[PDB]
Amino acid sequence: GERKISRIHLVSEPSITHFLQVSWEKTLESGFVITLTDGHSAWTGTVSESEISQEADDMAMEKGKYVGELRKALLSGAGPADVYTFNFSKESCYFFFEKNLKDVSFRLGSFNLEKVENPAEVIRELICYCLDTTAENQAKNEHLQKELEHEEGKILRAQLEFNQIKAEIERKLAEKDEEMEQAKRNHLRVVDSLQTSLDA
């Protein structure tokens, strides 16, 4: 499975940072879990393939493009001119969000979150995922850095060796010219003998 954790600011509580965790399998379009935490409580709702189709329809937007909009608002892919506002009432537990443009905002989704009974568990799992991902990446990055240095060396030595082989082969060019010069000189000797005989 996959996830994305984002920092958002809620309209009703812009004072502070809420964390949004969206997890799914293979594609967002086949449904996803969305979790919201303020570091003390957490709210979780699932969103089904049907509910995504339904919101795409209730909006007169093509399903593909709409899923794109969800990727940009809830995950990544958001260009820098993309601005979203996020709303969540801790009373009704309705979560909705909008895309701000050059004219007005238009809503993109309305999901129902349910307050979870053990927030601390959810928060702990989130943090463990961050630390695990960080440790794996650090390990892979140190290894890649070993691969870079080794390649840097392989390059220097291969170049050295290539230039020695080239310097060796290009000498046989000089040797060929010296041979041809000696053969020419010898030919002139031969002809000279025959012509000295012929001029008498």
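In case it trips you up, residue 1 is the first one in the sequence shown, and so on.
Q: Going by the average Cα B-factor in the PDB entry, point out whether 49 to 57 or 133 to 141 comes out higher.
A: Between 49 to 57 and 133 to 141, it is 49 to 57.
Q: As stated in the PDB record, which stretch has the larger average Cα B-factor, 32 to 40 or 161 to 169?
A: Higher mean C-alpha B-factor in the PDB entry: 161 to 169.
Q: Ranking every modelled residue in this chain by its Cα temperature factor as given in the entry, which third contains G109?
A: Tercile = middle for this residue's CA B-factor.
Q: Ranked by Cα temperature factor within the chain, is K65 in the lowest third, the middle third or the highest third?
A: Highest third, going by the recorded CA B-factors of the chain.
Q: Name the third of the chain's ranked CA B-factors that contains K72, choosing lowest, middle or highest.
A: Its C-alpha B-factor belongs to the middle third of this chain's values.
Q: Going by the recorded CA B-factors, say which third of the chain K102 sits in, lowest, middle or highest.
A: Tercile = highest for this residue's CA B-factor.
Q: Would you please rank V116 by its C-alpha temperature factor against the other modelled residues of its chain and give the third it falls in: lowest, middle or highest?
A: For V116, the deposited C-alpha B-factor lands in the middle third.
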